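Asker: This one is final_29.cif, mmCIF, C-alpha atoms; chains and numbers go by the auth columns.
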data_work
#
loop_
_atom_site.group_PDB
_atom_site.id
_atom_site.type_symbol
_atom_site.label_atom_id
_atom_site.label_comp_id
_atom_site.label_asym_id
_atom_site.label_seq_id
_atom_site.Cartn_x
_atom_site.Cartn_y
_atom_site.Cartn_z
_atom_site.B_iso_or_equiv
_atom_site.auth_seq_id
_atom_site.auth_asym_id
ATOM 1 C CA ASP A 1 88.543 132.358 211.816 0.00 169 A
ATOM 2 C CA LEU A 2 90.008 130.336 208.934 0.00 170 A
ATOM 3 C CA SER A 3 87.782 131.591 206.119 0.00 171 A
ATOM 4 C CA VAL A 4 89.706 134.543 204.673 0.00 172 A
ATOM 5 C CA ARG A 5 92.901 134.232 206.706 0.00 173 A
ATOM 6 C CA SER A 6 95.999 132.684 205.126 0.00 174 A
ATOM 7 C CA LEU A 7 99.051 131.347 206.949 0.00 175 A
ATOM 8 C CA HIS A 8 101.849 133.861 206.398 0.00 176 A
ATOM 9 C CA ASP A 9 103.364 134.067 209.895 0.00 177 A
ATOM 10 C CA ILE A 10 103.858 130.374 210.766 0.00 178 A
ATOM 11 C CA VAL A 11 105.015 129.162 207.354 0.00 179 A
ATOM 12 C CA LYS A 12 108.325 127.301 207.203 0.00 180 A
ATOM 13 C CA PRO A 13 110.284 125.306 204.608 0.00 181 A
ATOM 14 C CA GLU A 14 109.339 121.998 206.252 0.00 182 A
ATOM 15 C CA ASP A 15 105.524 122.265 206.115 0.00 183 A
ATOM 16 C CA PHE A 16 104.777 123.814 202.687 0.00 184 A
ATOM 17 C CA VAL A 17 106.792 122.730 199.635 0.00 185 A
ATOM 18 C CA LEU A 18 106.093 124.632 196.415 0.00 186 A
ATOM 19 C CA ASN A 19 109.448 124.354 194.624 0.00 187 A
ATOM 20 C CA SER A 20 108.197 121.913 191.966 0.00 188 A
ATOM 21 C CA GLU A 21 105.073 121.254 189.918 0.00 189 A
ATOM 22 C CA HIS A 22 104.674 117.706 191.269 0.00 190 A
ATOM 23 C CA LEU A 23 103.919 118.582 194.903 0.00 191 A
ATOM 24 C CA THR A 24 101.745 121.439 196.158 0.00 192 A
ATOM 25 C CA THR A 25 100.251 122.796 199.381 0.00 193 A
ATOM 26 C CA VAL A 26 96.568 122.592 200.344 0.00 194 A
ATOM 27 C CA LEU A 27 95.097 123.833 203.627 0.00 195 A
ATOM 28 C CA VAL A 28 92.103 122.084 205.206 0.00 196 A
ATOM 29 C CA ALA A 29 90.257 123.701 208.119 0.00 197 A
ATOM 30 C CA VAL A 30 88.442 121.095 210.229 0.00 198 A
ATOM 31 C CA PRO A 31 86.595 121.435 213.561 0.00 199 A
ATOM 32 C CA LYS A 32 87.743 120.117 216.923 0.00 200 A
ATOM 33 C CA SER A 33 85.149 117.332 216.917 0.00 201 A
ATOM 34 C CA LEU A 34 85.918 116.365 213.303 0.00 202 A
ATOM 35 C CA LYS A 35 89.683 116.096 213.872 0.00 203 A
ATOM 36 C CA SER A 36 89.680 112.290 214.049 0.00 204 A
ATOM 37 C CA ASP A 37 87.397 112.055 211.008 0.00 205 A
ATOM 38 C CA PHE A 38 89.708 114.314 208.996 0.00 206 A
ATOM 39 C CA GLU A 39 92.819 112.508 210.250 0.00 207 A
ATOM 40 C CA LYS A 40 91.368 109.075 209.465 0.00 208 A
ATOM 41 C CA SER A 41 89.708 110.178 206.212 0.00 209 A
ATOM 42 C CA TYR A 42 92.708 112.276 205.130 0.00 210 A
ATOM 43 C CA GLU A 43 94.272 109.333 203.285 0.00 211 A
ATOM 44 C CA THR A 44 90.965 108.484 201.577 0.00 212 A
ATOM 45 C CA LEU A 45 90.062 112.129 200.903 0.00 213 A
ATOM 46 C CA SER A 46 92.094 112.260 197.679 0.00 214 A
ATOM 47 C CA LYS A 47 94.548 110.188 195.671 0.00 215 A
ATOM 48 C CA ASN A 48 98.285 110.925 195.624 0.00 216 A
ATOM 49 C CA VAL A 49 98.535 112.343 199.157 0.00 217 A
ATOM 50 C CA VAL A 50 101.478 112.705 201.541 0.00 218 A
ATOM 51 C CA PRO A 51 101.231 110.815 204.862 0.00 219 A
ATOM 52 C CA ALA A 52 102.442 112.026 208.261 0.00 220 A
ATOM 53 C CA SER A 53 101.076 115.542 207.643 0.00 221 A
ATOM 54 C CA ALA A 54 98.322 115.369 210.295 0.00 222 A
ATOM 55 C CA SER A 55 99.609 118.043 212.672 0.00 223 A
ATOM 56 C CA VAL A 56 98.422 121.288 214.247 0.00 224 A
ATOM 57 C CA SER B 1 107.750 111.986 210.588 0.00 2 B
ATOM 58 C CA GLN B 2 106.731 114.597 208.020 0.00 3 B
ATOM 59 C CA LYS B 3 110.166 116.268 208.125 0.00 4 B
ATOM 60 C CA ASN B 4 111.818 113.154 206.631 0.00 5 B
ATOM 61 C CA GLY B 5 109.283 112.176 203.972 0.00 6 B
ATOM 62 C CA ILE B 6 108.963 115.819 202.939 0.00 7 B
ATOM 63 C CA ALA B 7 112.739 116.111 202.535 0.00 8 B
ATOM 64 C CA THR B 8 112.927 112.779 200.702 0.00 9 B
ATOM 65 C CA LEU B 9 110.034 113.862 198.477 0.00 10 B
ATOM 66 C CA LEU B 10 111.818 117.162 197.828 0.00 11 B
ATOM 67 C CA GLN B 11 115.069 115.380 196.943 0.00 12 B
ATOM 68 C CA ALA B 12 113.160 112.952 194.716 0.00 13 B
ATOM 69 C CA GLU B 13 111.362 115.927 193.156 0.00 14 B
ATOM 70 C CA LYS B 14 114.653 117.691 192.399 0.00 15 B
ATOM 71 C CA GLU B 15 116.184 114.456 191.089 0.00 16 B
ATOM 72 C CA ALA B 16 113.070 113.975 188.952 0.00 17 B
ATOM 73 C CA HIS B 17 113.365 117.561 187.704 0.00 18 B
ATOM 74 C CA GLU B 18 117.055 117.134 186.831 0.00 19 B
ATOM 75 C CA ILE B 19 116.198 114.584 184.128 0.00 20 B
ATOM 76 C CA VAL B 20 113.700 117.053 182.659 0.00 21 B
ATOM 77 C CA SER B 21 116.400 119.737 182.738 0.00 22 B
ATOM 78 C CA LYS B 22 118.808 117.393 180.941 0.00 23 B
ATOM 79 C CA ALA B 23 116.104 116.519 178.402 0.00 24 B
ATOM 80 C CA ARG B 24 115.484 120.243 177.880 0.00 25 B
ATOM 81 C CA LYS B 25 119.232 120.762 177.414 0.00 26 B
ATOM 82 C CA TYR B 26 119.425 117.964 174.833 0.00 27 B
ATOM 83 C CA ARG B 27 116.316 119.307 173.086 0.00 28 B
ATOM 84 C CA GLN B 28 117.975 122.730 173.093 0.00 29 B
ATOM 85 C CA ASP B 29 121.151 121.216 171.627 0.00 30 B
ATOM 86 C CA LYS B 30 119.344 119.262 168.891 0.00 31 B
ATOM 87 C CA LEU B 31 118.177 122.462 167.168 0.00 32 B
ATOM 88 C CA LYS B 32 121.781 123.640 166.858 0.00 33 B
ATOM 89 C CA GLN B 33 122.817 120.125 165.810 0.00 34 B
ATOM 90 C CA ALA B 34 120.327 120.196 162.925 0.00 35 B
ATOM 91 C CA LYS B 35 121.538 123.620 161.760 0.00 36 B
ATOM 92 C CA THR B 36 125.123 122.361 161.941 0.00 37 B
ATOM 93 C CA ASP B 37 123.981 119.266 160.018 0.00 38 B
ATOM 94 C CA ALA B 38 122.593 121.476 157.229 0.00 39 B
ATOM 95 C CA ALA B 39 125.378 124.088 157.229 0.00 40 B
ATOM 96 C CA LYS B 40 127.905 121.246 156.949 0.00 41 B
ATOM 97 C CA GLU B 41 125.872 119.814 154.047 0.00 42 B
ATOM 98 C CA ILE B 42 125.300 122.870 151.831 0.00 43 B
ATOM 99 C CA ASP B 43 129.052 123.353 151.233 0.00 44 B
ATOM 100 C CA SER B 44 129.282 119.954 149.512 0.00 45 B
ATOM 101 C CA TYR B 45 126.362 120.919 147.253 0.00 46 B
ATOM 102 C CA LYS B 46 127.746 124.331 146.245 0.00 47 B
ATOM 103 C CA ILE B 47 131.063 122.974 144.908 0.00 48 B
ATOM 104 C CA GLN B 48 129.285 120.477 142.641 0.00 49 B
ATOM 105 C CA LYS B 49 127.413 123.313 140.927 0.00 50 B
ATOM 106 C CA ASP B 50 130.592 125.410 140.782 0.00 51 B
ATOM 107 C CA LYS B 51 132.661 122.550 139.334 0.00 52 B
ATOM 108 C CA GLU B 52 129.811 121.751 136.938 0.00 53 B
ATOM 109 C CA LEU B 53 129.692 125.406 135.857 0.00 54 B
ATOM 110 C CA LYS B 54 133.465 125.444 135.337 0.00 55 B
ATOM 111 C CA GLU B 55 133.411 122.147 133.419 0.00 56 B
ATOM 112 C CA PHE B 56 130.436 123.388 131.393 0.00 57 B
#
Have the structure of the file written as C-alpha coordinates, please.
Answerer:
Amino acid sequence: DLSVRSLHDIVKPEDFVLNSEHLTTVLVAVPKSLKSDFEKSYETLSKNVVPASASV
Amino acid sequence: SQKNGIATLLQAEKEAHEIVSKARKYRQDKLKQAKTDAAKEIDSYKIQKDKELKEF
(Lines of atoms letter the chains of each structure in order from A and count residues from 1; the text may use other names and numbers.)
(Lines give C-alpha, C1' and ligand atoms only; values in the text may rest on other atoms or scores of the structure.)
Protein backbone atom coordinates (compact mmCIF):
# COMPACT_ATOMS: atom_id res chain seq x y z
CA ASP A 1 0.00 0.00 0.00
CA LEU A 2 1.25 3.48 -0.94
CA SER A 3 1.39 5.03 2.53
CA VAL A 4 4.96 4.36 3.69
CA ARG A 5 6.35 2.84 0.50
CA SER A 6 8.53 4.95 -1.81
CA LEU A 7 9.37 4.22 -5.44
CA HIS A 8 12.99 3.07 -5.51
CA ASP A 9 12.79 0.11 -7.92
CA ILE A 10 10.89 1.62 -10.88
CA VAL A 11 12.55 5.05 -10.89
CA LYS A 12 14.13 6.20 -14.15
CA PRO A 13 15.64 9.42 -15.52
CA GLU A 14 12.55 10.12 -17.63
CA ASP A 15 9.88 10.17 -14.89
CA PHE A 16 11.54 12.00 -11.95
CA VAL A 17 13.75 15.03 -12.61
CA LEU A 18 15.54 16.48 -9.58
CA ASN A 19 18.65 17.99 -11.19
CA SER A 20 17.55 21.61 -10.69
CA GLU A 21 15.72 23.73 -8.13
CA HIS A 22 13.03 24.79 -10.62
CA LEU A 23 11.41 21.38 -11.17
CA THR A 24 10.74 18.72 -8.54
CA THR A 25 8.98 15.37 -8.14
CA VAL A 26 5.72 14.82 -6.25
CA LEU A 27 3.90 11.49 -5.95
CA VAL A 28 0.10 11.36 -5.73
CA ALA A 29 -1.66 8.11 -4.80
CA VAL A 30 -5.24 8.04 -6.11
CA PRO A 31 -7.82 5.22 -6.14
CA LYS A 32 -9.03 3.30 -9.17
CA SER A 33 -12.41 5.05 -9.15
CA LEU A 34 -10.84 8.50 -8.67
CA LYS A 35 -8.39 8.10 -11.57
CA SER A 36 -10.43 10.25 -13.97
CA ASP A 37 -11.01 12.88 -11.27
CA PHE A 38 -7.28 13.07 -10.54
CA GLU A 39 -6.40 13.07 -14.25
CA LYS A 40 -8.93 15.80 -15.04
CA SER A 41 -8.26 17.78 -11.85
CA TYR A 42 -4.48 17.30 -12.08
CA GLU A 43 -4.07 20.50 -14.10
CA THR A 44 -6.28 22.47 -11.68
CA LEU A 45 -4.79 20.84 -8.57
CA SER A 46 -1.87 23.28 -8.42
CA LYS A 47 -0.27 26.06 -10.43
CA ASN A 48 2.93 25.56 -12.43
CA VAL A 49 2.39 21.88 -13.28
CA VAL A 50 3.80 19.68 -16.04
CA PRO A 51 1.27 18.17 -18.49
CA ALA A 52 1.39 14.69 -20.03
CA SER A 53 2.44 13.11 -16.72
CA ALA A 54 -0.81 11.17 -16.16
CA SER A 55 0.55 7.63 -16.42
CA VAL A 56 0.69 4.45 -14.34
CA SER B 1 4.39 12.72 -24.58
CA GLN B 2 6.04 13.23 -21.20
CA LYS B 3 9.43 12.05 -22.49
CA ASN B 4 9.68 15.07 -24.83
CA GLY B 5 8.37 17.85 -22.59
CA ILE B 6 10.44 16.49 -19.71
CA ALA B 7 13.59 16.54 -21.85
CA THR B 8 12.77 20.00 -23.20
CA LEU B 9 12.08 21.20 -19.66
CA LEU B 10 15.39 19.69 -18.54
CA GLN B 11 17.27 21.38 -21.39
CA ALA B 12 15.51 24.67 -20.63
CA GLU B 13 16.34 24.18 -16.95
CA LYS B 14 20.04 23.63 -17.72
CA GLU B 15 20.05 26.58 -20.13
CA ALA B 16 18.36 28.66 -17.43
CA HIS B 17 20.94 27.49 -14.89
CA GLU B 18 23.85 28.35 -17.21
CA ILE B 19 23.01 32.07 -17.02
CA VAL B 20 23.02 31.82 -13.22
CA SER B 21 26.40 30.07 -13.40
CA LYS B 22 27.74 32.85 -15.64
CA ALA B 23 26.31 35.48 -13.27
CA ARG B 24 27.98 33.67 -10.36
CA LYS B 25 31.25 33.63 -12.32
CA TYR B 26 31.02 37.37 -13.03
CA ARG B 27 30.11 38.04 -9.39
CA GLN B 28 33.11 35.93 -8.40
CA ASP B 29 35.32 37.93 -10.78
CA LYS B 30 34.09 41.34 -9.59
CA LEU B 31 35.58 40.82 -6.11
CA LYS B 32 39.02 40.27 -7.64
CA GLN B 33 38.41 43.19 -10.01
CA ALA B 34 37.77 45.52 -7.06
CA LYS B 35 40.93 44.36 -5.26
CA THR B 36 42.90 44.87 -8.48
CA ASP B 37 41.24 48.30 -8.77
CA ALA B 38 42.49 49.23 -5.29
CA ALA B 39 45.93 47.59 -5.53
CA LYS B 40 46.47 49.46 -8.82
CA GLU B 41 45.41 52.69 -7.08
CA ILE B 42 47.47 52.64 -3.87
CA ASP B 43 50.78 52.72 -5.79
CA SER B 44 49.91 56.14 -7.26
CA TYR B 45 49.16 57.44 -3.76
CA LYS B 46 52.37 56.16 -2.15
CA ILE B 47 54.71 57.95 -4.59
CA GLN B 48 53.03 61.31 -3.94
CA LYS B 49 53.80 61.02 -0.23
CA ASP B 50 57.32 59.79 -0.99
CA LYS B 51 58.00 62.61 -3.46
CA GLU B 52 56.44 65.08 -1.02
CA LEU B 53 58.68 63.75 1.76
CA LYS B 54 61.75 64.05 -0.48
CA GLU B 55 60.80 67.56 -1.62
CA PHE B 56 60.05 68.51 1.99
Asker: Name the residues captured by the PyMOL selection byres ((chain B) within 7 of (chain A)) when it is applied to the shown file; answer as a PyMOL selection string.
Answerer: chain B and resi 2-4+14
Asker: Please, what distance in Å, to one decimal, runs between CA of residue 207 (chain A) and CA of residue 195 (chain A)?
Answerer: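 About the pair CA of residue 207 (chain A) and CA of residue 195 (chain A): they are 13.3 Å apart.
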Asker: Nearest to residue 7 (chain B) among A:192, A:212, A:172, A:202, with distances taken over only C-alpha atoms: which residue is it?
Answerer: A:192
